[PDB]
Amino acid sequence: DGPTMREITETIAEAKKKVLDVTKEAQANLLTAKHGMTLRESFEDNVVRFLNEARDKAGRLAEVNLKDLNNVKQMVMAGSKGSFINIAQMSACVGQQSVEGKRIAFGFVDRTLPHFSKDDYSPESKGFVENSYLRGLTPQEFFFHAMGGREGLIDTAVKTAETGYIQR
Amino acid sequence: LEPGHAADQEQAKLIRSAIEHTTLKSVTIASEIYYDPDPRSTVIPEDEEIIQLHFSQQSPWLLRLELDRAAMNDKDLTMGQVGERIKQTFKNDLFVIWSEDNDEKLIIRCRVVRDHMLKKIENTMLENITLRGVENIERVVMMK
Amino acid sequence: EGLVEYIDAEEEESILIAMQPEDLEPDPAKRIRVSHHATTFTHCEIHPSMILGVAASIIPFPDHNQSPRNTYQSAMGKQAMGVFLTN
Amino acid sequence: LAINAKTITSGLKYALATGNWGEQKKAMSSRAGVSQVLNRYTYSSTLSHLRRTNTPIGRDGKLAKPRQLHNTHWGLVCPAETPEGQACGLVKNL
Amino acid sequence: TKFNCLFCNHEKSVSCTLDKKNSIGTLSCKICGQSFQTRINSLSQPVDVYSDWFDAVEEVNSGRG
Amino acid sequence: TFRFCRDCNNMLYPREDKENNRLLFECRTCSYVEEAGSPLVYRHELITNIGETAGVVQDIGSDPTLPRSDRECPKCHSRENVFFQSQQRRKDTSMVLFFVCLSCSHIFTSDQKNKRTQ
Amino acid sequence: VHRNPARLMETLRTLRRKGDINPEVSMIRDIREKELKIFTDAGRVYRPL
Amino acid sequence: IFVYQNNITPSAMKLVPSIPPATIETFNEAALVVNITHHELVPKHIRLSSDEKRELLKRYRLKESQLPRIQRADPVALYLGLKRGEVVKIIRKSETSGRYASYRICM
Amino acid sequence: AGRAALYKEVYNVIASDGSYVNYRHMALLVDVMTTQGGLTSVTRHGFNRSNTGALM
Amino acid sequence: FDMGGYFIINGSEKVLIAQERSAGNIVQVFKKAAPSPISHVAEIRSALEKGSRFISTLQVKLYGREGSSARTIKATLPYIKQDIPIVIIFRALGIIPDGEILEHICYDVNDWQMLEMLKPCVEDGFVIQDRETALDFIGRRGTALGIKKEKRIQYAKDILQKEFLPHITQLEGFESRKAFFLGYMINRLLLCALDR
DNA sequence: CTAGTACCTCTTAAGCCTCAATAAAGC
DNA sequence: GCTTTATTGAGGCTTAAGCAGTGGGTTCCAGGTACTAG
Ligand SMILES: [Zn+2]
Ligand SMILES: [Zn+2]
Ligand SMILES: [Zn+2]
């Protein structure tokens, strides 16, 4: 319903504002890096954690919005298949796209895509998708999701052979 | 940690510092080969203070290392401990003096006792000297 | 006339590209659109959907579908039985 | 005169027949697979095959980095169209 | 420490010793007994000593010393 | 600071004159000798604050790629600026940004606690 | 090397757009490195915009 | 039992076998600073007599090589000074069973 | 102690994804990898270097 | 509807799949694993763009890891197994003065880090001061029953003219372009090593 | 003359050899 | 006191390993050359 979408959008906006504030604090060297972990890695971990928390909150809001009459929710409760992540991505938010255990790297010169200027660490430019499959994905979000899917496919294709060799 | 000391965070950080591997590379901001014509007089007017406290024979070469105060505070490293470690590693080959921590700028002066091998000696003293910790240790993180 | 220019991989590193002709230049159902933070946009895409290949373009609403499913559909489309030529 | 024309015609025919792209038939490092039988299961399949790209890197190995599509592929290589399996991440379609 | 020789025309009969401390390259053949000495650098190699010996032999033969 | 002979266009090795107790730059190829202006011989700069602001040119602000910003310039109070990050790439480099003003081509750090000329 | 990279790059772009030079040629100017690269070799993938 | 501070020269190592009837074991000061047996991972090791070894072999019907092997230089073997052909019983605590008794024979 | 550490690491890696395997299988695996004097890696340089049947 | 774009061989329709290759005439700088002594290697696959194409993989390697105290750079000249210091190559080209070599390698004299890193290189290359000596040293390796002083200096000069950076030119009229290109390659390698 | 017939053409695990110090025995 | 030893180990090069099963379509019957039988 409309109220649920409005609440999800508000939560996403709050998460984006928090990420922007954290980035501004980091730029002014006002953020204390975690012990051992470097400043860049600490900032990336904090941003990823915030985005994951926002996505989880949006998924929880969607799930509570859905009623027992909902078919997807009923199937998930049955335990046949699906999970919280599936409902969240289908109705609330796809979430951050991780490649090699990290956000989308600057493939170009300090630019993830040509559509973004150099030194753009905002979530939208770092693989984050703020639109569920229902509404659709923007071309940048689509490309990031494609990169994530390619990474997953390659990982499966290599790990199947590795596991077979180990089992042998 | 031991059950008695497992409830104290100060003891945990003390143990972490004791076992954490500390090297001059992490703390040393820079190292330069300055020239000191005489021990009594220094080319840098501000450097004289280092020998002033000494007032209150040696080769005409100087090696000046500038460190990071923030790194010292974070790692709890102190000038006295590193000086003692250097003296232990080098009994009398090189004379080393360090400024008091209270000074705004902290530097260390090392000079070979009575130039071609000076670079090699400096490289060995930087890379092959450990202030404290255990070899083959990168970082130690405490957790609850 | 210079209305359309060819750009290679190397040149893309030194240009900013707008998503739509009139979106970046100037009912919560429409997908969220990234704000036009920049103001230069020396170039722009004729249409984003053209990034898709021959098989991918056949997929209806590829964005609405997960990327692995799109890849599977692209692989499977080559095996679909249908009229390949009129002769 | 006395030019052996077959030397060129037969060589080209062999190169386009088995896909062995080499200076001579005896060569074992000809990097086969350059030429492939055009697929005509459906018109879309033929179009995709005609616009297909191949990577000389061996299909074996477990290095994911080359297989992953770089950000530079935007607008040049289809993000989704790609074979699944050993050839995944190596065979690309523009 | 194996190189060809020109006096006896025997291959692999030449041995070169490079004393970097004294910076001296000495070339000796185990068949004809010919011995040659030259100045060398830390980057010198036995091929350098062989080339120097060949150049010296050519200069001596030409008589343009 | 490192200089050359200025006559043969060659490097100068350092040497110590104990009789004069001085550091002198001279090349063994020739007889040229000079007295070092400053007592600088060796420097490694394990951590370097220079080189992060490199490549700046007069037409830097005209690059579309550089992201714009509306921060007021300290001197000319010009809102228009182009902001970028540290040029040097490292796993420990700070994320401090640098802003260049088109009107005066002045580079200033985003940090407010300390003001940096470059 | 060239002293006025901006003017040369603008002239090259204008000529390429007008059609005097083959559009397939790729010209890239990097201010950070202050380097101008021109590529005409075959096998280069390009798209229209 | 002889304990050294820094290291042992090879001359002493080759001289040690010079006395068959008397067995001499060399230990490092750093190695013995902390007792290994007190560790939780290491189970309880009990030396077995020749008669006990013979009885175990007879009951289980095993040969010398069928029993699990333990390195001569194993820290536990040095701690107990186990000799060649000597069987040691290891009592371990497990989740599946209250305790388990295994045996190991030096190679 | 090495066998116990190997078993604990095997259990941790197996349970990382949530999959559960009975303790007996892990115990047998660590025992076979440690039945010899040292730790016999599961490779052509480990158990395959033992004195088992030639055809095996 | 048929788009053609294939070859009819023995009736069978064969299509040639596009083959991906690393672009030539470009310097690519890659790091090396810690166990290997090399630190950074810059490679260029020079090849003629008009005819008589042949692969010329020229690689310049910086020996010595971080803190090794040996910051030396050696370029693997084609047909020369033993890597030669860049100083000897510059001397052979014609840039004998050390200052000229440094200026070609480093454009901005203000940056003293590059000069400090290159100091060992010039220190080790100081032995060579003549073009003939540099050519002879280059020709030392890969002996094929020849006399270094007799019809080998010309052979080494021809190799340096053709084998070394064939793409930039194939004539001896202007050999300074090769020196400038080598200096640019070394500058890129040093920039990559310094992490800038 | 013409056409058969054969004939020359990417990530580790162990093994081994090759290297640079080091304490004892010769003398 | 000086000289020559066996030992120690440390890396380079090398030879190995590289999910399982299944369906199908293409191409090889090899090039020229000399010597000799009908
Ligand atoms: Zn001889
Ligand atoms: Zn001079
Ligand atoms: Zn301004």
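Heavy-atom basis, side chains included; hydrogens, waters and symmetry copies ignored. Within every chain, numbering begins at 1; the chains are lettered A, B, ... in the order of the sequence lines, protein sequences first and strands thereafter.
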Gap between atoms [atom1] and [atom2], on [X] and [N] respectively (whole Å):
X: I8(D); N: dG31(L); atom1: CD1; atom2: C1'; answer: 15 Å
X: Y41(D); N: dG23(L); atom1: OH; atom2: P; answer: 16 Å
X: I8(J); N: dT26(L); atom1: CD1; atom2: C1'; answer: 16 Å
X: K26(D); N: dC28(L); atom1: NZ; atom2: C1'; answer: 13 Å
X: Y63(J); N: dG12(L); atom1: OH; atom2: P; answer: 12 Å
X: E84(D); N: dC19(L); atom1: CD; atom2: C1'; answer: 16 Å
X: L63(D); N: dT12(K); atom1: CG; atom2: P; answer: 12 Å
X: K14(H); N: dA24(K); atom1: NZ; atom2: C1'; answer: 7 Å

Torsion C1'-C2'-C3'-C4' of [N], interpreted as north if positive, south if negative:
N: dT4(L); value: south
N: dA6(K); value: south
N: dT12(K); value: south
N: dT5(L); value: north
N: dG25(L); value: south

Any base atoms under 4.0 Å from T163(A), or only sugar-phosphate, or nothing? Heavy atoms, all strands.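 No contact.
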Could you pick out which residue, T43(I) or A12(H), lies toward the 5' side of DNA chain K when each is mapped onto its nearest nucleotide?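 Nearest-nucleotide comparison on DNA chain K picks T43(I).
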Quick one: on DNA chain K, does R49(I) or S11(H) contact a more 5' nucleotide (nearest heavy atom)?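 By nearest-heavy-atom nucleotide position, the 5'-most residue is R49(I).
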We want to know whether [X] and [Y] form a side-chain donor-acceptor pair, criterion being a heavy-atom distance below 3.5 angstrom.
X: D2(J); Y: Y43(D); answer: no
X: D83(J); Y: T76(J); answer: yes
X: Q86(D); Y: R59(D); answer: no
X: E100(A); Y: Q68(D); answer: yes

Measure from the side-chain heavy atoms of [X] and tell me the nearest of [options].
X: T9(H); options: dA23(K), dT9(K), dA14(K); value: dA23(K)
X: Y165(A); options: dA13(K), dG18(L), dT27(L); value: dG18(L)
X: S41(I); options: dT26(L), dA14(K), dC19(L); value: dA14(K)

Which atom of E20(J) lies closest to which atom of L90(D), heavy atoms considered: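 So the two residues come closest at OE2-O, 4.2 Å.
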Would you please confirm or rule out a distance under 4.0 Å between OP1 or OP2 of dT27(L) and any side-chain N or O of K14(J)?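 Yes, because at least one side-chain N or O of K14(J) sits under 4.0 Å from OP1 or OP2 of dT27(L).
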Could you tell me whether the phosphate oxygens of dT26(L), OP1 or OP2, come under 4.0 Å of any side-chain nitrogen or oxygen in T18(D)?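 So the side-chain polar atoms of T18(D) never come under 4.0 Å of the phosphate oxygens OP1 or OP2 of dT26(L).
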For the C1' atoms, the ones on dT4(L) and on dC27(K), what distance do you get once it is rounded to whole angstrom?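 Looking at atom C1' only, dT4(L) and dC27(K) are 10 Å apart.
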Give none if [N] has no partner; otherwise give the nucleotide forming a Watson-Crick or G-U wobble pair with it, both distances under 3.5 Å.
N: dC19(L); answer: none
N: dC35(L); answer: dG4(K)
N: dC27(K); answer: none

Pair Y50(E) + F3(E): ring centers closer than 6.0 Å: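 Close enough - the centres of the two rings lie under 6.0 Å apart.
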Would you kindly check whether a donor in the side chain of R44(I) faces an acceptor in the base of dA16(L), or vice versa, at under 3.5 angstrom?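 Between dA16(L) and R44(I), which were checked side chain against base, a qualifying N/O pair under 3.5 Å is present.
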List the steps and the verdict of side chain to side chain donor-acceptor pair (under 3.5 Å) for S45(D) and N39(D). CA-CA 6 Å; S45(D) 72; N39(D) 301 330; over 6 Å; no
Using the closest heavy atom to pick a nucleotide of DNA chain L for each, name whichever of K6(D) or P10(H) lands nearer the 5' end.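 Final value for this comparison: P10(H).
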Closest-nucleotide 5' rank along DNA chain L - winner of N10(J) and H45(I):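 Going by which nucleotide is closer to the 5' end, it is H45(I).
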